[PDB]
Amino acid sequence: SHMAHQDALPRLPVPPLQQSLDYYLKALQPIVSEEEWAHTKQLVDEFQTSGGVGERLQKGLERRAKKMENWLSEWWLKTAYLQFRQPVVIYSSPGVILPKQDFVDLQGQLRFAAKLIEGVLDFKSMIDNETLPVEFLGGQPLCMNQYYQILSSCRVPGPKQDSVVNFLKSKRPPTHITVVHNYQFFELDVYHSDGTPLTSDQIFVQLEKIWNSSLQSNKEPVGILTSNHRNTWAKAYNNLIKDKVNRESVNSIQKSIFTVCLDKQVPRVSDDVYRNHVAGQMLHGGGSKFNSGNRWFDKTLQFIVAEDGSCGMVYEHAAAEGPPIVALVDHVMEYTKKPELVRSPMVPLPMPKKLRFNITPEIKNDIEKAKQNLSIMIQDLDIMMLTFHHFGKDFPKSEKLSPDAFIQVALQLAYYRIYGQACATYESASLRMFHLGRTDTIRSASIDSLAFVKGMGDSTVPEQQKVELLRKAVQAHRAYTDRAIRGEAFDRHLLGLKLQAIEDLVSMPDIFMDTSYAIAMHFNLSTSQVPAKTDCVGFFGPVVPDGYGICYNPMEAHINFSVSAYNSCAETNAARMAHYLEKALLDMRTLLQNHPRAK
């Protein structure tokens, strides 16, 4: 947004070596053995010894920060996503489920879909004009650069590493979106000649023509190719755009402000697994026979409107971060409720261009391969959506406790109860207080948390002592959260030293080849909060085979949880973890309330 605003932002810092290495050792203690900790302790010293390797790398990062807006920007985007060759589906692109809608027929589906498009465009006008209210936290400005990445962009396959294209602010910014129905894509202009955007009514009419221009699911699901392994997809992608029409269709999708998916009717399932499936539809689409082919997963923003009223979205992480999405969601959902205006007399409206795809025996073979790959993926994903009705932010806040810290500590209590030990845990922290900041790591497994979980279950340790261990565990977490937000966390900084070493062509340092670093970066628990005003929830796959993906939205009197795991690992089960997590949240409340402070 405002130039003055972004110009006042502090630039991402490089924390002091001794600081980050100290925090590093503290965070390792709860997850490694003493031998492993002792050895890592020795390696940590050698790394920071006078005139040693650590210093040369450290100064490298400091120089790097003087010559760049953000010393970590390109590096994070590159190593976390563009270089991640796993399919973006389930493994990277977050899935979001919005509050169900009440439409009961097709027309209601097109109507809502239309309202939503107008909603996003209203949100877009604010971003174009730079009128979107500048944001703050505690009184510190927050970078607004993430709002410019989510629209009119698209991930691009690469034989070695992908890339991201953005056209929001080009000479001829896009004015069309892409709509896909029954696997067929269309190019729909959402603005008139005079810049004014179409209306909810003008949109609905266009979507109707599209619906008609694809009555049957009688075409190849080209789009499903975007969900295969990035290396496989890069080859199939290249072979796909060897054709002029294909290339032109693809090109149209890449520049489209965003994509809207009008899903087809799917079989009915028992109620107790209904939410689970809906999430599946938003996360991955359900598979080859359902709506997976009704997607273009490279697209930064994909809004999904189900046939049964459900709806949600899925964004590609390369160019999308949490904050923008949350803001867009809240603003759009609210807009779809704001009463319209008298129908703007209808003016002549063109036919939405259909983006055809010439199929060849090779393009068709890749598609069959993509169906098969995705199918395996879905069959391995274990999801359990938990709606914690017991309480939300109200309880923790009435106890003068941060709800996020509380939930995180509950999760630690739940994991320990199941496995009898703690594990490397990750919780997304927003680095937005700094120019171009995306995220840093908050480590939920701490000295205090383990102390709390052990004691919590120790028959000898008194309830009163348990409650004190709990309060310490929560506060420790909150502090870490605040620290990570101010750039005092250490994970990104450690990554930087390593990358700096590689860049300078220096032998990989011992500190990184260390078993302890392998364990510290192997996140059996991957988490993130979605602090939305809308009663929605996010979800994503575990970052490790034997791990869980947990995402939550704390509401006032309840909490929306998503828990994911992989079937290929017998030691992890979604339901069980969700079941324990609930019990952990409740035992924590019971414990807190039975041992108050004073009167």
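Just count from 1 along the sequence shown to find any residue number.
Across the two stretches, 270 to 278 and 86 to 94, the PDB entry reports the greater mean Cα temperature factor for 270 to 278.
Set 66 to 74 against 538 to 546 and average the Cα temperature factors; 66 to 74 ends up higher. Highest C-alpha temperature factor among 524, 460, 145, 398 per the entry: 460. By the numbers in the PDB entry, the CA B factor is greatest at 196 among 430, 196, 402, 256.
Ranked by Cα temperature factor within the chain, residue 206 sits in the highest third according to the deposited record. In the deposited entry, the Cα temperature factor of residue 173 sits in the top third of values across the chain's modelled residues. When the CA B factors of the chain's modelled residues are split into thirds, the value for residue 392 lands in the lowest one. In the deposited entry, the Cα temperature factor of residue 232 places it in the lowest third of its chain's modelled residues.
In the PDB entry, a CA B factor belonging to the highest third of its chain's modelled residues is recorded for residue 357.
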